[PDB]
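Residue numbers (the entry's author numbering), protein chains in the order written: chain B, 23 to 372; chain A, 23 to 372; chain D, 23 to 71, 78 to 372; chain C, 23 to 69, 78 to 372. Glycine included, C-beta positions come from ideal geometry on N, C-alpha and C.
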Amino acid sequence: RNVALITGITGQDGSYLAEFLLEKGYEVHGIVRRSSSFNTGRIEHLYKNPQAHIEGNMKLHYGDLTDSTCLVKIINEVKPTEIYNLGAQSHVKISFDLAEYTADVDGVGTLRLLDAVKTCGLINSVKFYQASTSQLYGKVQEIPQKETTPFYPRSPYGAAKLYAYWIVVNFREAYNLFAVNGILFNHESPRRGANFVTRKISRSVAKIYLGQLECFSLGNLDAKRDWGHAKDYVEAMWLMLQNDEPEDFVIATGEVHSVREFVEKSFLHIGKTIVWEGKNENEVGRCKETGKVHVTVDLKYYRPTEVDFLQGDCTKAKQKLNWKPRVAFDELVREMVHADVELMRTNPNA
Amino acid sequence: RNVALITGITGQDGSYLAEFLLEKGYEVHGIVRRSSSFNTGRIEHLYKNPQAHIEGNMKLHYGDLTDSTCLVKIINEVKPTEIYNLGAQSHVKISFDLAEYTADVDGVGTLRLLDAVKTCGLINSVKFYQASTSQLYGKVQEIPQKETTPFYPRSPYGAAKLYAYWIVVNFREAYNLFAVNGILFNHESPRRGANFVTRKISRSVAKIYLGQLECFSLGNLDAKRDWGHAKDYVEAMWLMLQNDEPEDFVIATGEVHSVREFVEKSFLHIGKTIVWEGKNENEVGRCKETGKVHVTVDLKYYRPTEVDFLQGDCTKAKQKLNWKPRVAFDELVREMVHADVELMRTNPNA
Amino acid sequence: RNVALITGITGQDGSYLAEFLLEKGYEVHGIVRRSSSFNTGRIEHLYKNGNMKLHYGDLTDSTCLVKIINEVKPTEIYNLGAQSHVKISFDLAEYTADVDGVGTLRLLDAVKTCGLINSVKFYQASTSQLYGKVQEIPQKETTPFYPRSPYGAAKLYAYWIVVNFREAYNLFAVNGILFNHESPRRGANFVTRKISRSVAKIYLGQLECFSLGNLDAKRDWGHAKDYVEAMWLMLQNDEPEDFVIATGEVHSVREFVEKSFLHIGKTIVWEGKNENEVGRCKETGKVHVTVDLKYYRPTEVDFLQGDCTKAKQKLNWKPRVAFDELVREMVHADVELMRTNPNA
Amino acid sequence: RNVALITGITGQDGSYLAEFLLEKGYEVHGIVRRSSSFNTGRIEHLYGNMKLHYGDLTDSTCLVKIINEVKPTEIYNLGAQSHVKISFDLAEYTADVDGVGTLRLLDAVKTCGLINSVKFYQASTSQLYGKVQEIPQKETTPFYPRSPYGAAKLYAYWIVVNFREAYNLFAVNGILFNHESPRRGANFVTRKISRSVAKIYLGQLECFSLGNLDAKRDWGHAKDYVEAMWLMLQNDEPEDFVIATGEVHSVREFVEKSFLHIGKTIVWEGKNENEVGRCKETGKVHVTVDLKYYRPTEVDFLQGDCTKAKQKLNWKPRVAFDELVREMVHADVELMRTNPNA
Ligand SMILES: NC(=O)c1ccc[n+]([C@@H]2O[C@H](COP(=O)([O-])OP(=O)(O)OC[C@H]3O[C@@H](n4cnc5c(N)ncnc54)[C@H](OP(=O)(O)O)[C@@H]3O)[C@@H](O)[C@H]2O)c1
Ligand SMILES: NC(=O)c1ccc[n+]([C@@H]2O[C@H](COP(=O)([O-])OP(=O)(O)OC[C@H]3O[C@@H](n4cnc5c(N)ncnc54)[C@H](OP(=O)(O)O)[C@@H]3O)[C@@H](O)[C@H]2O)c1
Ligand SMILES: NC(=O)c1ccc[n+]([C@@H]2O[C@H](COP(=O)([O-])OP(=O)(O)OC[C@H]3O[C@@H](n4cnc5c(N)ncnc54)[C@H](OP(=O)(O)O)[C@@H]3O)[C@@H](O)[C@H]2O)c1
Ligand SMILES: NC(=O)c1ccc[n+]([C@@H]2O[C@H](COP(=O)([O-])OP(=O)(O)OC[C@H]3O[C@@H](n4cnc5c(N)ncnc54)[C@H](OP(=O)(O)O)[C@@H]3O)[C@@H](O)[C@H]2O)c1
Ligand SMILES: Nc1nc2c(ncn2[C@@H]2O[C@H](COP(=O)(O)OP(=O)(O)O[C@H]3O[C@H](CO)[C@@H](O)[C@H](O)[C@@H]3O)[C@@H](O)[C@H]2O)c(=O)[nH]1
Ligand SMILES: Nc1nc2c(ncn2[C@@H]2O[C@H](COP(=O)(O)OP(=O)(O)O[C@H]3O[C@H](CO)[C@@H](O)[C@H](O)[C@@H]3O)[C@@H](O)[C@H]2O)c(=O)[nH]1
Ligand SMILES: Nc1nc2c(ncn2[C@@H]2O[C@H](COP(=O)(O)OP(=O)(O)O[C@H]3O[C@H](CO)[C@@H](O)[C@H](O)[C@@H]3O)[C@@H](O)[C@H]2O)c(=O)[nH]1
Ligand SMILES: Nc1nc2c(ncn2[C@@H]2O[C@H](COP(=O)(O)OP(=O)(O)O[C@H]3O[C@H](CO)[C@@H](O)[C@H](O)[C@@H]3O)[C@@H](O)[C@H]2O)c(=O)[nH]1
């Protein structure tokens, strides 16, 4: 009997994780927010009959990480063996203007879910996965970063996720809950939110190729990231819960690239060579072959306290879990641009 | 200077109101929830460039009715002349299992918005519209229901909206805020949420017509409602803020029909005549011409405390605003079925 | 098995209710807020040094309410906990909504979560503030509600969420629609205790003058010791019904001031009008009462007078203490207190 | 212009800080919770240049109204659910007040347009060291919290750092170690011991129960530590500092030294929850152990290194452990003899 409860099931990771666990024969339950319109686009294919919306081995429940009673009711009805806490306000720029909501969902909501496990009498039966993050390293104190690199958060998102990391450790130590922190670095896919930098670039490049757009604006072009594929990373979350002891792990590729490089490589897939001119907020990217400007900079996309550089060392996970990433940067860029060209050609309003 | 701020801009009513105010020359601002997917499908045609998603006279801001600082920041930046508080968890059945979240958004959230107006120094310069509701009458104490009919709520949604009604009256009386309660009766459209009874029926009948669904289940077939068209009702909201004095008004058709009638008329639009057999949870609806059962009853769609009957008396609004409804019940049903058949032919999952 | 859980046990009513249920042999549990100082002065005398147990909690913390209810398994719950001051509710509107409105829902949801919906009896502390603007005099159960403060609006939410749990789930839950009740343990910020304490300081030479707000407001004032018995009676009833509890007599604040001063040998004579009105002692010539606009409310509740016929008929309840006797008892107690400790 | 706003003015530290600032000629404003009873006992003697305002660290509108009306030059955020044992049963409330409440106050400063004119003090804590990663602990020792209180205070520490770095707010974390006084809350171990010992001396009590006798702490005096808070805001640059005595003693030693001041020598017998403390001179048992006073995850050992504060602020403690014990026992004897129910 394998019964999983996923908070954040409608998100990028929750959609891939649901597919992965269904293939292994799990009964999969998800918590979905009430919405005035459709919000299940990433998972609508996982109904027994998607046309008629008839559920099979995936069951959805209305709820929210800010409603204490709804979490107790769902956990008591489902009695899960595994809980994956993926639900969050996950956008770092948005966290600067929505700091209080971000604290309530990403920080206090982690405690609410842990308290619901305890209220339901499941502290000694459930295994709990927390969605921790390389944003905890912020202004990095070591390069590369690994499990024993000290934390230095740099946004209201990072501060909220730091609370969540430590409240999970305290339940593990105080009550012997099997609970783990996955310290995941950036991971993307064709299902990535449109407001994250990689998907923003692939969508915009697609629209330019098709004549639906002339130019778009970015923020800090010199930021450097470790980018993997979400489909690979959800496997690591499951492996952490199969481990004999509840241990925390970094999950990453170890390879670093700039935003500028993501832009350059994306445009090469549509036959265009970007050459940069200007400085600071006045920098632009121009196509060599046509002379047209396609990329500009706008300070509205900068963050007040930036995270300049991330590079993860996942040696501990490779040794203990036998996890390895499959998709590297060049393949990720290609896949994202190709998927967005097909999407935008089929539907220009997408 | 005509500058509107709409909470709940992504919802049914917010989408039609945004269009109406833009046609009258307003600068229109909306508060939008952060979502992991797009949630702006009802208003994406109101960008200056819809393929490129570039804003014109409509401007969107991230926020939530539970985040105090965001509301003050938006109101202080925008300095609106009119505020329409349409944001809510609006589903009555869902409110029984999300009672606490519904109280915080629909009840306390109204107070947060009023307090933001006061904090920003705008108590003498803004006009405020509250989205009140015929659910306040609940177990109806008069037939028909008018502004002076006593309230008798019958759900956590109704109780939260009752708090909101009275906190608005108290700001009007204490501080001379121009604030009004629109006591609107049920209003529908092709943009109505899928989980409301009218849109559930029109979508299900469309799928049956396309041979993609055999049967669907409803709850209480004998519930009676006053149903109008959302496009007509957003005009009344605007008229209530054009009034010289702040007054509360009932907005309704005055005509009553059952859920069962909505079902029968919907099926006639696809060439089928429904004849009913049996009682209570064992009642079924069978097509006379083919012999096939297309409608069953499931107790899971019933509410613990039902609102059996609503019929609005809009005499005061006809006399003081010169408002009248344009769309009647028969036309509403025809429009919703025709729209959903056309939609279902392109996408069987709608 | 008689096991009561009282939210608001440290307050005026909770202290008298605790005594009442203890005298009848109940096991009494209370929810107490964490404080940086001592906050249990009204109930310290009820320790074994026994049958009263205290638990740390808050009406805004969901998990604590479930933990307490699951451990205690009460047969009766009295939700007396609240930010209960009407003037303060205008400056603390959001906190007042969260505690007095949503907190009632949290407690009802805790009962449901703990599986006690069919076993517990639930008393809600409802209020005559729900009759904020009135055309019917006296007011009874069928008089319409019209709140006039953020306190009143929060209490109206609480009244109706209680009704919805009764109707939806067949919970035995009742609204006590209680009119003003006072005592020597009444909070000092309420008008009656403000007057008695100030009159007593003036008597002992500790104070010369004090200021009030609206002198012409009219109220139905009873004694808290009488009203807590009515709460228990409502839970012993065969069916869950809502009741008005009141004296039926109405007096002004001006009247309360005049009578209080008569108990210290002084005859109050008023001069001027509105915010510049003062009360002077006739036999000495000294000004002892002024008016300050800062003590007015933006939206006043002008007049309250309750008809408790339903309660007299179904519960056999009647009030024992009247306005004149209450004034005498409060002024007498504060005179003792200020003589025995001028810092009390 | 010198105008202070103190959250937590009714608590131990707020009462000493109010006195200190008033003696320097500050206008002092405080935020007080509505209570059904009197809650201003520590500051009632200061009734002028002190003004009190009703509020709560969970009510956003009240914080903006107060900050906009007062326009303080200095804010001290001392308000908190501050009891570590209670935090295990009130984890959600503790997060909302101690964690989120710090963000609400910072956001109010920003909303009111005061980022460049206010200096902000945050009440951080040696509980951040939890399971100590070094001995003694200094500003660079890694944090490892061990309760819902400690986790909430960790969020508060880092949201303060983020406002400093993002917006150039003059904001600082005082990383203060345990500090006590005759006004210390009765539920903390030092005041529990001094009150119980005073009652035993006067024949008003026979015996009391404690939890973990072998926990070790660095204990100073609150009057000295509020001075350090003010010095951190007079500094030219906004820096974080450890404030401590550098001396460590056990709960067991606090018990023994307290009883010596009333003429009794405690000798211990038995083990774990069956351990008792007996007076050698009389043979009478006065101390027992009850597991109900233990914490699920204990903080075993705290000892602070305040070299940075000595070098940059010229701060030093005036009172050490032995004088603190003497002062607390003598004050509680005088209190209990003057009023048996105090
Ligand atoms: N590179 C990465 O992607 C990365 C790396 C490390 C950690 N993380 C963290 O890993 C998790 C999954 O990332 P993702 O990319 O899949 O994020 P995502 O696409 O933004 O998905 C977030 C999910 O959380 C849900 N959610 C938001 N607020 C909620 C609330 N109040 N109550 C309940 N559910 C709520 C969202 O629902 P709606 O669809 O209704 O908005 C959505 O299902 C997040 O916690 C994220 O912070 C991500
Ligand atoms: N018959 C009727 O339609 C009727 C009659 C009387 C009164 N009402 C009331 O009138 C209003 C409009 O009705 P409708 O049919 O347009 O409702 P709807 O389609 O359900 O729209 C609700 C809107 O509120 C937003 N919202 C929900 N929770 C929010 C939060 N926490 N913060 C900010 N925004 C939030 C939703 O955003 P998402 O898109 O992100 O979910 C959406 O924009 C509602 O208040 C409803 O209760 C409706
Ligand atoms: N005339 C009347 O007295 C009258 C008439 C009708 C209705 N009522 C209502 O009846 C009830 C009792 O009145 P009263 O005069 O006894 O009021 P009170 O003296 O002001 O007592 C209020 C009680 O509620 C507690 N409380 C406040 N906030 C709380 C929170 N967030 N969580 C948990 N407990 C909290 C208080 O604790 P602290 O001691 O820590 O502050 C205190 O125990 C109240 O609900 C009041 O609104 C009173
Ligand atoms: N050894 C130490 O003493 C030490 C060491 C490091 C850090 N700290 C921290 O330093 C600060 C002061 O310590 P202390 O010993 O003076 O604490 P305390 O005696 O417990 O005082 C706490 C203060 O905060 C107030 N408060 C509690 N909840 C509140 C809320 N929701 N809204 C507004 N105010 C609220 C309390 O009011 P009431 O009086 O109404 O309860 C009281 O005034 C605290 O933040 C504490 O955690 C203490
Ligand atoms: N979104 C965005 N980022 C931009 C832009 N221009 C430059 N950037 C820079 O590109 C980098 C990546 O930004 P995001 O794609 O938004 O991701 P993130 O901030 O690293 O956060 C993501 O990864 C975290 C793990 O490190 C996750 O915790 C988080 O939830 C999120 O998925 C940042 O340094 C950002 O400033 C732009 O127009 N948009
Ligand atoms: N949703 C739904 N309702 C059903 C079903 N079967 C029967 N009904 C009945 O159909 C009636 C209408 O339900 P809804 O369409 O969900 O609307 P509502 O509960 O009346 O609430 C709507 O109108 C209110 C004004 O009266 C609004 O306040 C509210 O937000 C919402 O828009 C109710 O009596 C309901 O029990 C079913 O399967 N689904
Ligand atoms: N407190 C106060 N009230 C004053 C003053 N001067 C005049 N009043 C007037 O005296 C009347 C009584 O005020 P309170 O004693 O504060 O009581 P209340 O507002 O009637 O509220 C109490 O009774 C309600 C039931 O009617 C309760 O619901 C509520 O919790 C509270 O106990 C009000 O009309 C108030 O304006 C003054 O200086 N202080
Ligand atoms: N309170 C208490 N503590 C006891 C008892 N018996 C033993 N102790 C032990 O005595 C030690 C001190 O406990 P407290 O006096 O409660 O203080 P604290 O947990 O160290 O917390 C105080 O200091 C922190 C700084 O380190 C502050 O952050 C916190 O707010 C509080 O003031 C702890 O190890 C505790 O387990 C008892 O009966 N009561």
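{"query": "Under a three-way DSSP split, which group does A:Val54 fall into?", "result": "strand"}
{"query": "To the nearest angstrom, how far is the alpha carbon of B:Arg325 from that of B:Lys115?", "result": "6 angstroms"}
{"query": "Closer than 8 angstroms by C-beta to A:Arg282: which residues in its own chain qualify, once you throw out the five before and the five after it? Chain order, please.", "result": "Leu243, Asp244 and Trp298"}
{"query": "Note down, in chain order, every chain B residue with its Cβ under 9 angstroms from the Cβ of C:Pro178.", "result": "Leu133, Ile189 and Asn192"}
{"query": "For D:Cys309, go through chain C and note every residue whose CB falls closer than 7 angstroms to its CB, in chain order.", "result": "Here the premise fails: no neighbours, minimum Cβ distance about 26 angstroms."}
{"query": "Once the 5 residues before and after D:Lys287 are set aside, which same chain residues still bring their CB inside 6 angstroms of it?", "result": "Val355"}
{"query": "With the cut-off set at 8 angstroms, would you say C:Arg367 and C:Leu232 are in Cβ contact?", "result": "yes"}
{"query": "Would you grab the beta carbon distance between C:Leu343 and C:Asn265 for me? Rounded to a whole angstrom, and I think it's under 8 angstroms.", "result": "7 angstroms"}
{"query": "Residues of the segment 191-217 of chain D with a CB closer than 7 angstroms to any CB of chain C: list them in chain order, please.", "result": "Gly215"}
{"query": "Please list the terminal residues of the continuous beta strand (DSSP E) segment that includes C:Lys149.", "result": "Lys149 to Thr155"}
{"query": "Are three or more beta carbon pairs between the segment 156-169 of chain C and the segment 127-147 of chain C nearer than 8 angstroms?", "result": "no"}
{"query": "Counting only runs that start and end within the segment 108-192 of chain B, where is the alpha helix (DSSP H) found for 4 or more residues in a row?", "result": "114-119, 121-124 and 131-141"}
{"query": "CB C:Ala350 to CB B:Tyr185, shorter than 8 angstroms?", "result": "no"}
{"query": "Within its chain, find whatever has a CB closer than 8 angstroms to the CB of A:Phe118; leave out the 5 residues flanking it on each side and keep chain order.", "result": "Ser177, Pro178, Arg325 and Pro326"}
{"query": "Note down, in chain order, each residue of its chain lying with its Cβ closer than 7 angstroms to the Cβ of A:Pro268, except the 5 sequence neighbours on either side.", "result": "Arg194, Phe200, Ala201 and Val202"}
{"query": "Where in the segment 191-219 of chain A do unbroken runs of the beta strand (DSSP E), each at least 3 residues long, occur, reported from the N-terminal end onward?", "result": "200-206"}
{"query": "Quick one: list the residues of chain C neighbouring A:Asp137, beta-carbon separation under 7 angstroms, in chain order.", "result": "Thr91"}
{"query": "On the criterion of 16 or more Cβ atoms from any shown chain inside 10 Å, does B:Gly143 qualify as buried, or is it exposed?", "result": "exposed"}
{"query": "Closer than 7 angstroms: is that where the CB of D:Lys340 sits relative to any heavy atom of ligand 8?", "result": "no"}
{"query": "Hey, out of C:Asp35, C:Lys346, C:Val25 and C:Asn24, whose CA is closest to C:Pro212's CA?", "result": "C:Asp35"}
{"query": "Going along the chain, which unbroken runs of the alpha helix (DSSP H) with 4 or more residues stay wholly within the segment 272-304 of chain B?", "result": "281-290"}
{"query": "Along the beta strand (DSSP E) that carries C:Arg308, what are the first and last residues, could you check?", "result": "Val306 to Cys309"}
{"query": "Does C:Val94 get closer than 8 angstroms to chain A when you measure Cβ to Cβ?", "result": "yes"}
{"query": "Output yes if chain B places a C-beta closer than 8 angstroms to the C-beta of D:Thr141; else output no.", "result": "yes"}
{"query": "According to DSSP, D:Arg348 sits in a beta bridge with which residue or residues?", "result": "Answer by DSSP bridge pairing: none, since D:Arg348 is not bridged."}
{"query": "Report yes if the C-beta of B:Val162 is less than 7 angstroms from at least one heavy atom of ligand 5; otherwise report no.", "result": "no"}
{"query": "Quick check on the burial criterion: 16 or more other C-beta atoms within 10 angstroms. Buried or exposed for residue 75 of chain C?", "result": "Residue numbering in chain C jumps from 69 to 78; residue 75 of chain C, which lies between, is not modelled."}
{"query": "Give, in chain order, every unbroken run of the beta strand (DSSP E) that is at least 3 residues long and sits entirely within the segment 23-54 of chain D.", "result": "25-29 and 49-54"}
{"query": "Please indicate yes or no: does the CB of A:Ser58 lie closer than 7 angstroms to some heavy atom of ligand 1?", "result": "yes"}
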